[PDB]
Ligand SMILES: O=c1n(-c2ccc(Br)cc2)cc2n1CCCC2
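Next up is one chain by itself, shown in structure tokens, the form solved without the named molecule.
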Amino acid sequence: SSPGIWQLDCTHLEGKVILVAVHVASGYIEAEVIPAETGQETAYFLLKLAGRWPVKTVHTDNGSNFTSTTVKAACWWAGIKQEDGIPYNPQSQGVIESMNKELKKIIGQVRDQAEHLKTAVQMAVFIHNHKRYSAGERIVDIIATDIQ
């Protein structure tokens, strides 16, 4: 069911990890900076996400997070169906790749306006979600239509 499908994505910058959740149908993103990708961090990030949007299905970003008992516990707790992120439609490798590139571009464009990477990442999330409908507008419409 389209409105509740999200994809996890992990990318690297400045020796740190940027963990991303993409709402597949809209292109809307949430992101956080962490020292490294662990089951613990991934579990906590999904809990945050699911308290904020109606997350039904998550395509995990790799097999370690798919396997993680802590990630499984969070998915059970929050009512999320955990799936693999295997691009059976191969335009997912590329589409995610393109987003990471775009995200990194925006980060570079704002980088000097903040001391800490996490701040620049949130600025980039803001710009990405507001860019013109915007991704922010699309996700709200998709989910509102699903409630109605």
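One rule holds for the numbers: they count along the sequence shown, beginning at 1.
The same protein also exists as the form deposited with the named molecule bound; that form is not shown, yet it is the one meant from here on.
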| property | result |
| --- | --- |
| Clash verdict for the named molecule in the deposited complex, overlaid onto the shown chain (3 or more atoms within 2.4 angstroms of backbone or C-beta) | open |
| Residue contact check: residue 27 to the named molecule in the deposited complex, 4.5 Å heavy atom | yes |
| Residue 102 within 4.5 Å of the named molecule in the deposited complex, heavy atoms | yes |
| Sequence-ordered residues of 108-131 touching the named molecule in the deposited complex, heavy atom within 4.5 Å | 128 |
